[PDB]
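A short write-up of the structure that comes next.
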Amino acid sequence: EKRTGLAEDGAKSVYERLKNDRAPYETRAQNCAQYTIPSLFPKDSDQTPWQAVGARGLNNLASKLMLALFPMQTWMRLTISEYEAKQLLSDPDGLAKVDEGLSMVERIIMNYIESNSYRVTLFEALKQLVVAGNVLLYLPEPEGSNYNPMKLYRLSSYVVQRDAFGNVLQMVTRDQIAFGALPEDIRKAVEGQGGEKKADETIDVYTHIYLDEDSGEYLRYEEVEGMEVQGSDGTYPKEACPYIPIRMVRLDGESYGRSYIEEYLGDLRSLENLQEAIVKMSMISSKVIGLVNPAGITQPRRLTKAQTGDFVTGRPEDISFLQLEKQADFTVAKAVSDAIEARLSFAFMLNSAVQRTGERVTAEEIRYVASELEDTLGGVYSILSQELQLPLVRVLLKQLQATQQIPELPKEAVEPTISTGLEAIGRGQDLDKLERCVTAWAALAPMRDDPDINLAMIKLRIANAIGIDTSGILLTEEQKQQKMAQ
Amino acid sequence: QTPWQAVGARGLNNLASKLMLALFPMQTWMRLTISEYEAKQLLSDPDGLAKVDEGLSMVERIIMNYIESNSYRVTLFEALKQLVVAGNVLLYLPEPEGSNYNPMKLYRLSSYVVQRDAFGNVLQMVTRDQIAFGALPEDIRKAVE
Amino acid sequence: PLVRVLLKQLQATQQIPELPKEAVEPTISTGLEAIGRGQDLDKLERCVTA
Amino acid sequence: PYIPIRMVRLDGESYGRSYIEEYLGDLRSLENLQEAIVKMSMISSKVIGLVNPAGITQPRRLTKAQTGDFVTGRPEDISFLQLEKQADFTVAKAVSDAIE
Amino acid sequence: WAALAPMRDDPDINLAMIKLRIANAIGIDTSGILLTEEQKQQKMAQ
Amino acid sequence: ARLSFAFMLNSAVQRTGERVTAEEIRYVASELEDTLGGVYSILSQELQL
Amino acid sequence: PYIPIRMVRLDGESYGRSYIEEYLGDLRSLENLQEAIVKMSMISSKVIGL
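Protein chains in written order, with the authors' numbering: chain A, 3 to 48, 55 to 494; chain B, 55 to 199; chain C, 399 to 448; chain D, 250 to 349; chain E, 449 to 494; chain F, 350 to 398; chain G, 250 to 299.
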């Protein structure tokens, strides 16, 4: 069947069209990668760098973020939905069974992420997210309990179109598979479409995903050499598309995202250009060249051949050694280079932005400057929890629930709330409030045996101000007199 | 074109980061409490009161759950940057509409306009989107040709 | 303004289960009050130390 | 549902002022200077030989020499072009730094 | 839990609930952390 | 020096510039731990499992 | 039982990148410089009478 809508005139033809507005982004990504790690986004179409600062910064930033966002620890938290949680009012037996299945679900997701090598690709994705605007993550249908890894498309080989509100209208990926590696059906279709193909010839395979105007849901198909692939068609519901295009830095009303490094590219290239001319300098400067005056007696052969300790026919007025003596010029260059590199280290939260060789670095300023690095990391992290973490989890839930790898739970826990960050680590806001109230209560120990002060009321008021539940914090009359008797 | 120095870049970035962690943290950040007038009514009625405070600090957690689930933090960040560099930002939050992914919309100063009265209340606004024809809704698309 | 609006939008779509009149127009604290490190707590535990 | 926000108010006016605007002077000053400084560092780090063509020392023979090599020439013919704007720099640096 | 030693002999504070709540926020199993009624009164007797 | 950070050589701490404090040693050492945790958490997925 | 391992993945590619590659520029630089310096030290240690 000929399909229409956004897929009216072929997948490849859409890819081609949308590529036009994507181009700036991939130029920008190519420039940033040039001065860090070029293999992330090479300057092929529309060699290593001199300095390694870009390289170790990017590597650092990714590592840090990946150990924050996706640690070996449990990192999401599923909890009962607010509405259904109001239902199980005065039903602890029926509740605590919900939370048991939810925290089971937690563990299943975790076991999946562990066993399908999600961490490794997430790393590569973070690098990409940092250097270029965007990554496209694709997680296929679980399909058994097999090794189901994730797939990553770097900005160069995929394309996106968003509406007014930033919702995804259509996507087109473009794999480049060698003919030999293609499935037989596809392989046969291709050569049956004319011209016999060599095993090492590469074949563009376009994958089109798009919103249908009629259905409130996505359609997908694969498309090779202008013809749709046999049984490559499919559909995805709007709220759970397994293709996730991620932006690092949003500009609303725009299909792709800006990148992190781009903001600090000015100072990065500046460093690169300088570090080059300095290294070259040092090379001229470490080269010894003698100068025998040919008007003199001292003959150069006789010098080169000499053993150490040797007396040789000559005068010292004939030989001189070519001195560079660009000694001051160097320290000006160095001072600048150093300044910039220092500025970059802060932007890559390298811990050795503390390392200043100027003065005796106190201990007290270290804590303050290290908390400027924590400040700016909290920034990217709290943005990448929304952008990368929550969508990845939300989609994994729906995917696993579809294949009944998630044993049936009671209605309450089908749409739970997904906590991430410090809550899940078990170091959250609730615990803090509780153990700040305990420390506030211990400060009325020097009046425990009160004359007429009434500890009960003050005890409850402290908890209220701080904001603990205080649902069964105070001992009731019947339970207190019961405990007074025993 | 990029700038020669990155002091401004890290400066703005710092400022926004700090502000956004202060204004919109993962913690609860608003607090809803009984109105002064109606609170005077429930004088000597604790049982009837702390039920109000119970439904309110429910409301808190609902708003919070929405802000978490609808990516409010990420757009607030971009808005704070905008707010610092250009004088003003425009936030648009559409009708919840089911229980779906309803994000917020941001209009930079360049693509919206405002007129205020004497007392500074809003009289009119006019935003200006710039959509590719292909992305438009079919009804509009067909009107346009 | 952000909060005030959300309240009115959520109460419109009855994504906010009905509460008794008192809590339809409440007062919206922000800042330190909410964090649980406010003026009230300070005054209390300054009175305990006195 | 449309909320137009201002950063810094000026009463009786539809739009708001910005935070950075207040400090723009010192910011553009910085940007002008750090430019002129960066460019300085590129001049200063560039080696350029000067072989006196009245002389004996021929430049082809200097560029082709290995390290350790002895070569026909006199050190009155080669000189390396020095920028020595060492003091002028630290003036510019002092000011840049003060602003930063 | 060692931080509520300066109020172990509580007047009307209820250690039981706060002890379980701390464990929940941290996120231990709490599957048989509290002493049950029959097992507690058994231990009080012995 | 730069390469020593990249190879997590402990003696990237060793700077002859200044009297190296005790408090910065810890902080710079944990840059090396940071970047080691990086390669390790990858190679655990790539090589170990 | 054949396990081919990659260090640094590039999705859609059969072989992996290396860890050192990312820092090779600074490494060859050192090698070149250290060579010219060691060679300097042999010229500097050599006594020749005239």
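Even for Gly, the Cβ is constructed at its ideal location relative to N, Cα and C.
For residue i, the first and last residue of its enclosing alpha helix (DSSP H)
i                   : result
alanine 410/C       : 400-410
residue 52/A        : Since the model of chain A passes from 48 to 55 in one step, residue 52/A is not part of what is shown.
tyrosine 120/A      : 106-123
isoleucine 194/B    : 192-198
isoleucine 474/E    : 463-474
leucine 160/A       : Run containing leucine 160/A: none in the alpha helix (DSSP H); it sits in the beta strand (DSSP E), 159-162.
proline 253/A       : Looking at the DSSP string, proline 253/A is not in any alpha helix (DSSP H); the run it does join, the beta strand (DSSP E), is 251-255.
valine 369/A        : Neither: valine 369/A is in no alpha helix (DSSP H) and is coded neither H nor E.
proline 302/A       : Here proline 302/A belongs to no alpha helix (DSSP H), and DSSP marks it neither H nor E.
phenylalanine 354/F : 351-355
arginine 24/A       : 13-36
Limits of the beta strand (DSSP E) - the one that residue i falls within
i                   : result
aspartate 183/A     : 176-186
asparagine 142/A    : 142-146
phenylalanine 329/D : 327-329
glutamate 230/A     : 225-232
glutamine 169/B     : 168-170
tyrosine 264/G      : Careful: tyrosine 264/G lies outside any beta strand (DSSP E) and carries neither H nor E.
Residues that residue i contacts on chain G, provided the C-beta gap is smaller than 7 Å
i               : result
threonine 321/D : In chain order: nothing, as chain G lies at least about 17 Å away.
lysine 295/A    : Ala285
Close-in-space but distant-in-sequence residues of the same chain around residue i (CB under 7 Å, 5 per side omitted)
i                : result
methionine 118/B : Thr82
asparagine 156/B : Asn124, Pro148 and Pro150
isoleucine 426/A : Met84, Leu86, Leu398, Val401 and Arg402
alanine 104/A    : none
Neighbourhood of residue i by C-beta, 8 Å cutoff - its chain only, sequence neighbours within 5 removed
i               : result
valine 287/A    : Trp58
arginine 310/A  : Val320, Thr321 and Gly322
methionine 74/B : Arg127, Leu130, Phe131 and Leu134
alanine 432/C   : none
Contact list for residue i against chain A, beta-carbon separation under 7 Å
i                : result
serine 278/G     : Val287
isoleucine 474/E : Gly434 and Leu439
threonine 411/C  : Per Cβ cutoff of 7 Å: no residues; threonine 411/C is ~13 Å from chain A at best.
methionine 291/D : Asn281, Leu282 and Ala285
For residue i, the residue or residues it bridges with in DSSP
i                : result
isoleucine 426/A : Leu86/A
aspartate 318/A  : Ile297/G
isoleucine 391/F : DSSP lists no partner for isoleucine 391/F.
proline 245/A    : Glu225/A
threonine 215/A  : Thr181/A and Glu230/A
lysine 441/C     : Beta-bridge pairing links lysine 441/C to no other residue.
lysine 72/A      : According to DSSP, which records beta bridges pairwise, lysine 72/A is partnered with nothing at all.
Under 7 Å from the C-beta of residue i: neighbouring residues of chain C
i              : result
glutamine 81/B : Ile433
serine 89/B    : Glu420, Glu423, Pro424 and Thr425
Spatial neighbours of residue i in its chain, beta-carbon cut-off 6 Å, leaving aside the 5 residues before and after
i              : result
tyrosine 161/A : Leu144 and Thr181
Chain-ordered chain A contacts of residue i [CB-CB under 8 Å]
i                : result
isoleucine 327/D : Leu299 and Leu330
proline 250/D    : Under the 8 Å cutoff, chain A gives no residues; its nearest Cβ is about 13 Å from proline 250/D.
Closer than 7 Å at the beta carbon, the chain D residues around residue i
i            : result
residue 53/A : Since chain A is numbered 48 and then 55, with no step between, residue 53/A has no place in the structure shown.
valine 180/B : Per Cβ cutoff of 7 Å: no residues; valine 180/B is ~10 Å from chain D at best.
Residue i: CB within 7 Å of a non-hydrogen atom of the ligand GTP
i            : result
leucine 77/B : The model on display carries no ligand, and the ligand GTP is accordingly not part of it.
Listed by chain order, chain F residues near residue i by CB distance under 7 Å
i              : result
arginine 266/G : Going along chain F, no residue has its Cβ under 7 Å from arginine 266/G, so there is no contact; the nearest lies around 12 Å.
Proximal residues of chain F, C-beta to C-beta of residue i below 9 Å
i               : result
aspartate 275/G : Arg351, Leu352 and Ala355
Proximal chain G residues relative to residue i, where beta-carbon distance stays under 9 Å
i             : result
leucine 398/F : What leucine 398/F touches in chain G: nothing, since even the nearest Cβ is about 10 Å away.
Residues that residue i contacts on chain A, provided the C-beta gap is smaller than 9 Å
i                : result
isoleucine 466/E : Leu442, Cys445, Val446, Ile476 and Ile481
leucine 75/B     : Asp383, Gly386, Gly387 and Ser390
is_contact[residue i, chain H] using C-beta, thresh 8 Å
i              : result
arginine 258/A : Absent from the structure: chain H. Protein chains present are A, B, C, D, E, F and G.
Contacts that residue i makes with chain E (C-beta to C-beta distance below 7 Å)
i            : result
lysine 488/A : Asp460
Item to complete: Give the residues from the segment 129-161 of chain B that approach chain D closer than 8 Å (Cβ to any Cβ), ordered along the chain.
Response: The residues in question are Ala133, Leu137, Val138, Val139, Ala140, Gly141, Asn142, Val143, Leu144, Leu145, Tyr146, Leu147, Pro148 and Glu149.
Practice prompt. Report the residues of the segment 417-444 of chain A with a CB closer than 7 Å to any CB of chain E, ordered along the chain.
Written response: So the list reads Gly434, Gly436, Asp438, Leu439, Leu442 and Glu443, given in the order they occur along the chain.
Worksheet item: Using a Cβ cut-off of 7 Å, which residues of the segment 297-322 of chain D contact any Cβ in chain A, in chain order?
Response: Residues passing the 7 Å Cβ filter: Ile305, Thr306, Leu311, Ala314, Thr316, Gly317, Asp318, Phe319, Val320, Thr321 and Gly322.
Practice prompt. Report the residues of the segment 101-112 of chain B with a CB closer than 7 Å to any CB of chain C, ordered along the chain.
Written response: Per Cβ criterion, the list reads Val106, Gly109 and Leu110.
Worksheet item: What residues from the segment 449-464 of chain A come within 7 Å of chain C, judged by C-beta to C-beta, listed N to C?
Response: Contacts with chain C (Cβ-Cβ distance below 7 Å) from the segment 449-464 of chain A involve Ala451 and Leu452, listed in chain order.
Practice prompt. Compile a chain-ordered list of the residues in the segment 15-40 of chain A whose CB is closer than 7 Å to at least one CB of chain G.
Written response: Cβ contacts with chain G: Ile39.
Discussion item. For the segment 361-386 of chain F, list every residue whose C-beta sits within 7 Å of some C-beta in chain G, in sequence order.
Written reply: Hits within the stretch: zero.
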